[PDB]
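Chemist: Mind having a look at this structure? Questions to follow.
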Amino acid sequence: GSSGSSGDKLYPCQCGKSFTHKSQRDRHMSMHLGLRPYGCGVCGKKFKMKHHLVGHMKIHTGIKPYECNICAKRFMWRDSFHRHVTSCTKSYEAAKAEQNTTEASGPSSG
Ligand SMILES: [Zn+2]
Ligand SMILES: [Zn+2]
Ligand SMILES: [Zn+2]
């Protein structure tokens with residue numbers, strides 16, 4: 001074994017994403033197509049009728065007392081609310097550059 005080389009095998013999807021397996025990429029392709037006019041943008045469900053969806057949406061319904069500051073996202077749970085916001089800011093701070101002047105970079109003479 002002197003040496004070896006290789007890349008990475010994956011499976012592209014209609015949307016553009018790439019999965020490790022074909023079955024994982026396929027399921028994402030069939031879902032893309034239009035199945036029902038009503039779709040639950042909370043869990044990932046769907047219903048033919050509008051009333052058929054409501055009887056299910058009642059499982060997600062609920063006021064969001066906790067909301068982010070950067071993305072202003074809404075979260076019903078506390079642990080998740082803070083758990084997310086905590087990071088959501090981490091990055092924001094980096095950009096804040098409250099007192100971080102962007103000084104040009106050093107060139108290269110070769
Ligand atoms: Zn896809
Ligand atoms: Zn749902
Ligand atoms: Zn956020």
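Numbering starts fresh at 1 for the residues of each chain in the structure tokens, the chains themselves are lettered A, B, ... in the order given, and ligands are numbered from 1 as they appear.
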Which residues of chain A come within 7 Å of ligand 2, and what is each one's closest atom pair and distance in Å (one decimal), counting only C-alpha atoms and all ligand atoms, sorted by chain and residue number, as JSON lines?
Modeler:
{"residue": "A:40", "atom": "CA", "partner": "ligand 2", "partner_atom_place_in_ligand_line": "1 (Zn)", "distance": 4.9}
{"residue": "A:41", "atom": "CA", "partner": "ligand 2", "partner_atom_place_in_ligand_line": "1 (Zn)", "distance": 6.9}
{"residue": "A:42", "atom": "CA", "partner": "ligand 2", "partner_atom_place_in_ligand_line": "1 (Zn)", "distance": 5.1}
{"residue": "A:43", "atom": "CA", "partner": "ligand 2", "partner_atom_place_in_ligand_line": "1 (Zn)", "distance": 4.1}
{"residue": "A:44", "atom": "CA", "partner": "ligand 2", "partner_atom_place_in_ligand_line": "1 (Zn)", "distance": 5.8}
{"residue": "A:45", "atom": "CA", "partner": "ligand 2", "partner_atom_place_in_ligand_line": "1 (Zn)", "distance": 5.3}
{"residue": "A:56", "atom": "CA", "partner": "ligand 2", "partner_atom_place_in_ligand_line": "1 (Zn)", "distance": 6.2}
{"residue": "A:57", "atom": "CA", "partner": "ligand 2", "partner_atom_place_in_ligand_line": "1 (Zn)", "distance": 5.6}
{"residue": "A:59", "atom": "CA", "partner": "ligand 2", "partner_atom_place_in_ligand_line": "1 (Zn)", "distance": 6.9}
{"residue": "A:60", "atom": "CA", "partner": "ligand 2", "partner_atom_place_in_ligand_line": "1 (Zn)", "distance": 6.3}
Chemist: Could you write those residues out with C-alpha atoms, as a PDB file, in the first residue's frame?
Modeler:
ATOM      1  CA  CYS A  40     -48.644  21.513   8.026  1.00  0.00           C
ATOM      2  CA  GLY A  41     -45.578  23.744   8.070  1.00  0.00           C
ATOM      3  CA  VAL A  42     -44.911  22.721  11.664  1.00  0.00           C
ATOM      4  CA  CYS A  43     -44.377  18.955  11.649  1.00  0.00           C
ATOM      5  CA  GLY A  44     -44.594  18.027   7.978  1.00  0.00           C
ATOM      6  CA  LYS A  45     -48.118  16.683   7.545  1.00  0.00           C
ATOM      7  CA  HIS A  56     -54.464  18.271  13.380  1.00  0.00           C
ATOM      8  CA  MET A  57     -53.057  21.800  13.588  1.00  0.00           C
ATOM      9  CA  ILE A  59     -51.754  19.954  18.146  1.00  0.00           C
ATOM     10  CA  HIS A  60     -49.282  22.729  17.331  1.00  0.00           C
TER      11      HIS A  60
END
Chemist: Mind listing the alpha helix (DSSP H) residues of chain A, per DSSP on the backbone, as a ChimeraX atom specification?
Modeler: /A:22-32,51-57,78-96
Chemist: Please give me, as a list in words, the residues lying within 7 Å of ligand 1 when counting only C-alpha atoms and all ligand atoms.
Modeler: residues 13, 14, 15, 16, 17, 25, 28, 29 and 32 of chain A
Chemist: Based on the selection just made, write N, CA and C atoms of those residues as a PDB file, in the first residue's frame.
Modeler:
ATOM      1  N   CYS A  13     -30.572  15.564  -5.137  1.00  0.00           N
ATOM      2  CA  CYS A  13     -32.030  15.574  -5.105  1.00  0.00           C
ATOM      3  C   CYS A  13     -32.587  16.663  -6.018  1.00  0.00           C
ATOM      4  N   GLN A  14     -33.867  16.549  -6.351  1.00  0.00           N
ATOM      5  CA  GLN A  14     -34.520  17.524  -7.218  1.00  0.00           C
ATOM      6  C   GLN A  14     -34.308  18.942  -6.698  1.00  0.00           C
ATOM      7  N   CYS A  15     -34.477  19.119  -5.392  1.00  0.00           N
ATOM      8  CA  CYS A  15     -34.306  20.426  -4.768  1.00  0.00           C
ATOM      9  C   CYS A  15     -32.870  20.917  -4.920  1.00  0.00           C
ATOM     10  N   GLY A  16     -31.927  19.979  -4.939  1.00  0.00           N
ATOM     11  CA  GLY A  16     -30.528  20.335  -5.080  1.00  0.00           C
ATOM     12  C   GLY A  16     -29.658  19.700  -4.013  1.00  0.00           C
ATOM     13  N   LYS A  17     -30.266  19.358  -2.882  1.00  0.00           N
ATOM     14  CA  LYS A  17     -29.539  18.739  -1.780  1.00  0.00           C
ATOM     15  C   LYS A  17     -28.938  17.404  -2.205  1.00  0.00           C
ATOM     16  N   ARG A  25     -32.583  10.158  -0.636  1.00  0.00           N
ATOM     17  CA  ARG A  25     -32.749  11.225  -1.616  1.00  0.00           C
ATOM     18  C   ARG A  25     -34.075  11.079  -2.359  1.00  0.00           C
ATOM     19  N   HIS A  28     -37.178  12.344  -0.546  1.00  0.00           N
ATOM     20  CA  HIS A  28     -37.201  13.800  -0.610  1.00  0.00           C
ATOM     21  C   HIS A  28     -37.710  14.277  -1.967  1.00  0.00           C
ATOM     22  N   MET A  29     -37.605  13.412  -2.970  1.00  0.00           N
ATOM     23  CA  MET A  29     -38.055  13.745  -4.316  1.00  0.00           C
ATOM     24  C   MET A  29     -39.566  13.578  -4.442  1.00  0.00           C
ATOM     25  N   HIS A  32     -41.469  16.324  -2.747  1.00  0.00           N
ATOM     26  CA  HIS A  32     -41.451  17.579  -3.490  1.00  0.00           C
ATOM     27  C   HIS A  32     -42.736  17.753  -4.293  1.00  0.00           C
TER      28      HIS A  32
END
Chemist: Apply DSSP to the structure's backbone, then extract all residues of region 1-94 of chain A labelled strand (DSSP E) and return them as an NGL selection string.
Modeler: :A and (11-12 or 18-19 or 38-39 or 46-47 or 66-67 or 74-75)
Chemist: Residues as selected, N, CA, C and O atoms, written as an mmCIF file, in the first residue's frame, can you do that?
Modeler:
data_model
loop_
_atom_site.group_PDB
_atom_site.id
_atom_site.type_symbol
_atom_site.label_atom_id
_atom_site.label_comp_id
_atom_site.auth_asym_id
_atom_site.auth_seq_id
_atom_site.Cartn_x
_atom_site.Cartn_y
_atom_site.Cartn_z
ATOM 1 N N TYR A 11 -25.866 11.378 -3.411
ATOM 2 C CA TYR A 11 -27.028 11.326 -4.291
ATOM 3 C C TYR A 11 -27.766 12.661 -4.298
ATOM 4 O O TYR A 11 -28.374 13.068 -3.308
ATOM 5 N N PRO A 12 -27.713 13.359 -5.441
ATOM 6 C CA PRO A 12 -28.372 14.658 -5.608
ATOM 7 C C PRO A 12 -29.892 14.538 -5.637
ATOM 8 O O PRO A 12 -30.437 13.537 -6.103
ATOM 9 N N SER A 18 -28.048 16.869 -1.375
ATOM 10 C CA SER A 18 -27.399 15.597 -1.668
ATOM 11 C C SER A 18 -27.404 14.690 -0.442
ATOM 12 O O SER A 18 -26.990 15.092 0.645
ATOM 13 N N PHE A 19 -27.878 13.461 -0.624
ATOM 14 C CA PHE A 19 -27.939 12.495 0.467
ATOM 15 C C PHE A 19 -26.879 11.411 0.294
ATOM 16 O O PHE A 19 -26.331 11.230 -0.794
ATOM 17 N N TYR A 38 -53.177 21.324 1.262
ATOM 18 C CA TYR A 38 -52.970 21.734 2.646
ATOM 19 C C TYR A 38 -51.786 20.994 3.262
ATOM 20 O O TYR A 38 -51.748 19.765 3.277
ATOM 21 N N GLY A 39 -50.821 21.755 3.771
ATOM 22 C CA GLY A 39 -49.649 21.156 4.383
ATOM 23 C C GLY A 39 -49.279 21.816 5.695
ATOM 24 O O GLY A 39 -49.238 23.043 5.792
ATOM 25 N N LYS A 46 -49.911 16.701 5.911
ATOM 26 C CA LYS A 46 -50.709 17.236 4.814
ATOM 27 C C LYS A 46 -52.124 16.668 4.843
ATOM 28 O O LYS A 46 -52.360 15.589 5.385
ATOM 29 N N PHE A 47 -53.063 17.401 4.252
ATOM 30 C CA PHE A 47 -54.455 16.968 4.210
ATOM 31 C C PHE A 47 -55.134 17.448 2.931
ATOM 32 O O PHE A 47 -54.848 18.537 2.431
ATOM 33 N N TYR A 66 -42.118 33.497 24.260
ATOM 34 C CA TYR A 66 -40.685 33.707 24.094
ATOM 35 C C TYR A 66 -40.329 33.902 22.622
ATOM 36 O O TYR A 66 -40.695 33.091 21.772
ATOM 37 N N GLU A 67 -39.615 34.984 22.331
ATOM 38 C CA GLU A 67 -39.210 35.286 20.963
ATOM 39 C C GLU A 67 -37.760 35.761 20.916
ATOM 40 O O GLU A 67 -37.296 36.461 21.815
ATOM 41 N N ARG A 74 -40.087 32.628 17.026
ATOM 42 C CA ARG A 74 -41.021 32.334 18.105
ATOM 43 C C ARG A 74 -40.845 30.902 18.602
ATOM 44 O O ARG A 74 -40.702 29.971 17.810
ATOM 45 N N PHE A 75 -40.854 30.734 19.921
ATOM 46 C CA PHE A 75 -40.693 29.416 20.524
ATOM 47 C C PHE A 75 -41.625 29.248 21.721
ATOM 48 O O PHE A 75 -41.694 30.114 22.593
#
Chemist: Go through chain A residue by residue and, counting only C-alpha atoms and all ligand atoms, keep those with an atom at most 12 Å from ligand 3; for each kept residue give the shortest atom pair and its distance in Å to one decimal, ordered by chain and increasing number, as CSV.
Modeler:
residue,atom,partner,partner_atom_place_in_ligand_line,distance
A:66,CA,ligand 3,1 (Zn),10.9
A:67,CA,ligand 3,1 (Zn),8.0
A:68,CA,ligand 3,1 (Zn),4.8
A:69,CA,ligand 3,1 (Zn),6.4
A:70,CA,ligand 3,1 (Zn),5.3
A:71,CA,ligand 3,1 (Zn),4.5
A:72,CA,ligand 3,1 (Zn),6.1
A:73,CA,ligand 3,1 (Zn),5.6
A:74,CA,ligand 3,1 (Zn),8.6
A:75,CA,ligand 3,1 (Zn),9.7
A:80,CA,ligand 3,1 (Zn),10.6
A:81,CA,ligand 3,1 (Zn),8.5
A:82,CA,ligand 3,1 (Zn),9.1
A:83,CA,ligand 3,1 (Zn),9.6
A:84,CA,ligand 3,1 (Zn),6.1
A:85,CA,ligand 3,1 (Zn),4.7
A:86,CA,ligand 3,1 (Zn),8.0
A:87,CA,ligand 3,1 (Zn),7.4
A:88,CA,ligand 3,1 (Zn),4.3
A:89,CA,ligand 3,1 (Zn),6.9
A:90,CA,ligand 3,1 (Zn),9.9
A:91,CA,ligand 3,1 (Zn),10.0
A:92,CA,ligand 3,1 (Zn),9.4
Chemist: Write out, as an mmCIF file, in the first residue's frame, the residues just selected, with N, CA, C and O atoms.
Modeler:
data_model
loop_
_atom_site.group_PDB
_atom_site.id
_atom_site.type_symbol
_atom_site.label_atom_id
_atom_site.label_comp_id
_atom_site.auth_asym_id
_atom_site.auth_seq_id
_atom_site.Cartn_x
_atom_site.Cartn_y
_atom_site.Cartn_z
ATOM 1 N N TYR A 66 -42.118 33.497 24.260
ATOM 2 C CA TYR A 66 -40.685 33.707 24.094
ATOM 3 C C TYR A 66 -40.329 33.902 22.622
ATOM 4 O O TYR A 66 -40.695 33.091 21.772
ATOM 5 N N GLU A 67 -39.615 34.984 22.331
ATOM 6 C CA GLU A 67 -39.210 35.286 20.963
ATOM 7 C C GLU A 67 -37.760 35.761 20.916
ATOM 8 O O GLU A 67 -37.296 36.461 21.815
ATOM 9 N N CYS A 68 -37.051 35.372 19.862
ATOM 10 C CA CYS A 68 -35.654 35.756 19.696
ATOM 11 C C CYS A 68 -35.523 37.265 19.517
ATOM 12 O O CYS A 68 -36.519 37.984 19.462
ATOM 13 N N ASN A 69 -34.284 37.739 19.426
ATOM 14 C CA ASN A 69 -34.020 39.163 19.254
ATOM 15 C C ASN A 69 -33.434 39.445 17.873
ATOM 16 O O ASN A 69 -33.732 40.469 17.258
ATOM 17 N N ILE A 70 -32.602 38.528 17.393
ATOM 18 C CA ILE A 70 -31.975 38.676 16.084
ATOM 19 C C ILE A 70 -32.932 38.273 14.968
ATOM 20 O O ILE A 70 -33.299 39.090 14.123
ATOM 21 N N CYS A 71 -33.335 37.007 14.970
ATOM 22 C CA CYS A 71 -34.250 36.492 13.959
ATOM 23 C C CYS A 71 -35.701 36.691 14.388
ATOM 24 O O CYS A 71 -36.628 36.449 13.614
ATOM 25 N N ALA A 72 -35.891 37.134 15.626
ATOM 26 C CA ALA A 72 -37.228 37.368 16.158
ATOM 27 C C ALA A 72 -38.094 36.118 16.036
ATOM 28 O O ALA A 72 -39.314 36.206 15.894
ATOM 29 N N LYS A 73 -37.455 34.954 16.090
ATOM 30 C CA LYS A 73 -38.166 33.685 15.987
ATOM 31 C C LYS A 73 -39.069 33.466 17.197
ATOM 32 O O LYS A 73 -38.846 34.044 18.261
ATOM 33 N N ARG A 74 -40.087 32.628 17.026
ATOM 34 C CA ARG A 74 -41.021 32.334 18.105
ATOM 35 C C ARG A 74 -40.845 30.902 18.602
ATOM 36 O O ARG A 74 -40.702 29.971 17.810
ATOM 37 N N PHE A 75 -40.854 30.734 19.921
ATOM 38 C CA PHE A 75 -40.693 29.416 20.524
ATOM 39 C C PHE A 75 -41.625 29.248 21.721
ATOM 40 O O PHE A 75 -41.694 30.114 22.593
ATOM 41 N N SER A 80 -35.700 25.312 24.725
ATOM 42 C CA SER A 80 -35.392 25.502 23.313
ATOM 43 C C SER A 80 -35.275 26.985 22.976
ATOM 44 O O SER A 80 -34.406 27.392 22.205
ATOM 45 N N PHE A 81 -36.156 27.789 23.560
ATOM 46 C CA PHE A 81 -36.153 29.228 23.323
ATOM 47 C C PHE A 81 -34.791 29.831 23.651
ATOM 48 O O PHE A 81 -34.145 30.437 22.795
ATOM 49 N N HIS A 82 -34.360 29.661 24.896
ATOM 50 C CA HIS A 82 -33.073 30.188 25.339
ATOM 51 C C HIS A 82 -31.922 29.439 24.676
ATOM 52 O O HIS A 82 -30.938 30.045 24.249
ATOM 53 N N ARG A 83 -32.051 28.119 24.592
ATOM 54 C CA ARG A 83 -31.020 27.287 23.982
ATOM 55 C C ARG A 83 -30.671 27.792 22.585
ATOM 56 O O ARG A 83 -29.507 27.780 22.182
ATOM 57 N N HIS A 84 -31.686 28.236 21.851
ATOM 58 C CA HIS A 84 -31.486 28.745 20.498
ATOM 59 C C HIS A 84 -30.951 30.173 20.529
ATOM 60 O O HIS A 84 -29.877 30.456 19.997
ATOM 61 N N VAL A 85 -31.706 31.070 21.155
ATOM 62 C CA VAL A 85 -31.307 32.469 21.255
ATOM 63 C C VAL A 85 -29.851 32.595 21.691
ATOM 64 O O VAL A 85 -29.107 33.429 21.175
ATOM 65 N N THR A 86 -29.450 31.761 22.645
ATOM 66 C CA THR A 86 -28.084 31.779 23.152
ATOM 67 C C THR A 86 -27.074 31.765 22.010
ATOM 68 O O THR A 86 -26.121 32.545 22.002
ATOM 69 N N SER A 87 -27.289 30.876 21.046
ATOM 70 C CA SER A 87 -26.395 30.761 19.900
ATOM 71 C C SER A 87 -26.720 31.818 18.849
ATOM 72 O O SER A 87 -25.829 32.497 18.337
ATOM 73 N N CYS A 88 -28.003 31.951 18.530
ATOM 74 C CA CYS A 88 -28.448 32.924 17.540
ATOM 75 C C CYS A 88 -27.718 34.252 17.715
ATOM 76 O O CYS A 88 -27.485 34.978 16.747
ATOM 77 N N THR A 89 -27.357 34.564 18.956
ATOM 78 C CA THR A 89 -26.654 35.804 19.259
ATOM 79 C C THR A 89 -25.149 35.638 19.089
ATOM 80 O O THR A 89 -24.481 36.492 18.505
ATOM 81 N N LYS A 90 -24.619 34.533 19.602
ATOM 82 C CA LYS A 90 -23.191 34.253 19.506
ATOM 83 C C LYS A 90 -22.622 34.773 18.190
ATOM 84 O O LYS A 90 -21.626 35.497 18.175
ATOM 85 N N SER A 91 -23.262 34.402 17.086
ATOM 86 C CA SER A 91 -22.819 34.830 15.764
ATOM 87 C C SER A 91 -23.041 36.327 15.574
ATOM 88 O O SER A 91 -22.155 37.044 15.108
ATOM 89 N N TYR A 92 -24.229 36.793 15.941
ATOM 90 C CA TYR A 92 -24.571 38.205 15.809
ATOM 91 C C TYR A 92 -23.510 39.085 16.462
ATOM 92 O O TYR A 92 -23.123 40.118 15.916
#
Chemist: Between CA of residue 79 (chain A) and CA of residue 95 (chain A), what is the spacing in Å?
Modeler: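 Taking CA of residue 95 (chain A) and CA of residue 79 (chain A), their separation equals 25.4 Å.
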Chemist: Using only C-alpha atoms, pick whichever of A:36, A:63, A:10, A:101 has the shortest atom-to-atom distance to residue 24 (chain A).
Modeler: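 Result for the nearest residue to residue 24 (chain A): A:10.
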